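A single chain comes next, written as structure tokens; it is the form solved without the named molecule.
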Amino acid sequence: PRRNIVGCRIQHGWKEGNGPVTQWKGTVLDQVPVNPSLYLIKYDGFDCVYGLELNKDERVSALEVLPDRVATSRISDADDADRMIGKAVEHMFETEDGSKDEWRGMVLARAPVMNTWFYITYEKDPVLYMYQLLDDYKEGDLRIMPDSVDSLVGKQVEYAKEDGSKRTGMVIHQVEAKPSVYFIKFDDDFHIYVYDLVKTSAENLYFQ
């Protein structure tokens, strides 16, 4: 029968530590070709994209996949998304105590399935996020800055931490609009880590 759940809405119990089991609901965005057990999900209420092995993870229970696949809507703003994809940006967020908070970042791609959302990462938090950036732009909260042989996708990666331990993981994606930028999935966490190999922030990070 049908085994591709990309595009489905899912629901499942989640158990954090020894706390109670709570329900999470979200949309499956992708299934990683170099690791078909790994799915990327946008959960309702979490800004970060999660990487979970939905059928194996010990913190997941009572998983249900709805057959009703989320349809991709008509794209009518490719003229403006093309000026933003692959660029450095300054994204404005509202703080609780008053206002104003600018975060420097980079727009990576239009998100798959939920295609009015974009993938973005920040210098202060270098993991994968999803926001409806063209709406934020219209509201005056996004500034777009002008710019000045073996494939690494699928390779194992590790980097030494300050306490002497090695953090293991795998490269799962190469950013089409900025090919020196990669997505890394580490064994110990569900966030997706974004690295630009041209920068000093990715020199400690080393391959095999």
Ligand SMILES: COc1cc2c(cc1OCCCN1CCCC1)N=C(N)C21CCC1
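One rule holds for the numbers: they count along the sequence shown, beginning at 1.
Where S148 is followed by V149 in the displayed chain, the model omits 10 or more of the deposited residues that sit between the two.
Higher mean CA temperature factor between 65-73 and 29-37: 65-73, per the PDB entry. Checked against the record, the higher mean CA B factor of 76-84 and 95-103 lies with 95-103. Of the candidates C48, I172, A160, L142, the one whose C-alpha carries the top B factor in the deposited record is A160. Out of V60, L52, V181, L152, it is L152 whose C-alpha atom has the highest B-factor in the PDB entry. Sort the chain's modelled residues by C-alpha temperature factor and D189 lands in the lowest third, per the entry. Among all modelled residues in this chain, the alpha-carbon of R9 has a temperature factor (C-alpha) in the lowest third.
Form solved in complex with the named molecule: not shown, discussed below.
The candidate stretches are 43-51, 30-38, 170-178, 61-69, and the one lying within 4.5 Å of the named molecule in the bound PDB entry by heavy atoms is 43-51. Looking at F118, you'd find every heavy atom of it more than 4.5 angstroms from the named molecule in the bound PDB entry. With a 4.5 Å cutoff on heavy atoms, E16 counts as touching the named molecule in the bound PDB entry.
The closest heavy atom approach of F190 to the named molecule in the bound PDB entry falls within 4.5 Å. When contacts are judged by a 4.5 Å heavy atom cut-off, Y195 does not count as touching the named molecule in the bound PDB entry. Taking the named molecule as positioned in the bound PDB entry, the residues of 111-135 that bring a heavy atom within 4.5 Å of it are, in sequence order, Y122, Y129, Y131.
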